[PDB]
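Heads up, the chain below is alone and in the form deposited in one PDB entry; it's given as structure tokens.
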């Protein structure tokens, strides 16, 4: 009752015209705040998601920690208000990657960008990284989500051709076939709509609730998935690995792609 945002947060944003973001299918609410001289974004998750990699508070922590390490929005305000975790942030710098480069026209550039994300991430010191997204941690949260009907279990997972017939069957695979983990900085949802570019370089990362320490193959796997889905031609997957300077590990790649299935 009353409000989802505090009186002080409301005071902060009242001069702005709120526009609800439509493209975005997580449990968070995202609002673009249009002001006279700049836009802000306000992102909110409810208490059901506290402690999970959807938790906007966890995203806020990573956003703060990443300042000076990766280009990310500025955290302007955070609060917990009546169950809700609310994050007010600045607008990322540059153009959303999915908007700047289309798959039909700039395949090599897209591959190049993804590759540069991986390289950049590997240079980040994770000594004092706030969160460790080990598989034990991710699996524990997936178990929590499934138990409480909070996972993304619907739609494509009902199709008769699905590799696993129900969520617990997938969960079992993930739980019992964990690969070896060598921890590095991981974005957690590396994709063309969580990344900004400017002057042909990466200029911002957003959607950071799932970022933290994780195995190096995790983000690489997301790149492979994107390349195959958006571009399709396998040549470009091979090119991606040519830029990385490593041979693929299809077992680990398949694993992390399956891990993200229910998120």
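Between two forms, the rigid core is defined as the largest C-alpha subset superposing within 1.5 Å. Numbering follows the first chain given and starts at 1.
- Set 220-228 against 54-62 and average the Cα temperature factors; 220-228 ends up higher.
- The mean C-alpha temperature factor is higher for 159-167 when 108-116 and 159-167 are set side by side.
- Listed residues 180, 91, 100, 149 were ranked by CA B-factor as deposited; 100 comes out on top.
- The residue among 79, 141, 82, 172 whose C-alpha carries the highest B-factor in the deposited model is 82.
- Split the chain's modelled residues into thirds by C-alpha temperature factor. Residue 34 is in the middle one.
- Residue 208: CA B factor lies in the lowest third for its chain, per the PDB record.
- Compared with the other modelled residues of the chain, the Cα B-factor recorded for residue 236 ranks in the highest third.
- Ranked within its chain, residue 1 lands in the highest third, by CA B factor from the PDB record.
- In the PDB entry, a CA B factor belonging to the lowest third of its chain's modelled residues is recorded for residue 189.
If you look for the form deposited in another entry, you will not find it shown, but the lines that follow are about it.
- Large C-alpha shift between the shown form and the other one, rigid core held fixed: of 166, 156, 172, 182, this applies to 156 alone, with a displacement of 2 Å or more.
- In a rigid-core overlay of the protein, residue 239 has its C-alpha displaced by under 2 Å between the shown form and the other one.
- Core-superposed comparison between the shown form and the other one: CA of residue 103 displaced by 2 Å or more.
- If you fit the rigid core between the shown form and the other one, you'll see the Cα of residue 20 move by less than 2 angstroms.
- The pair residue 104 and residue 97 is tighter in the other form: their Cα-Cα distance falls by no less than 3 Å compared with this form.
- Legend note: Cα of residue 222 to Cα of residue 157 is at least 3 Å closer in the other form than in the depicted form.
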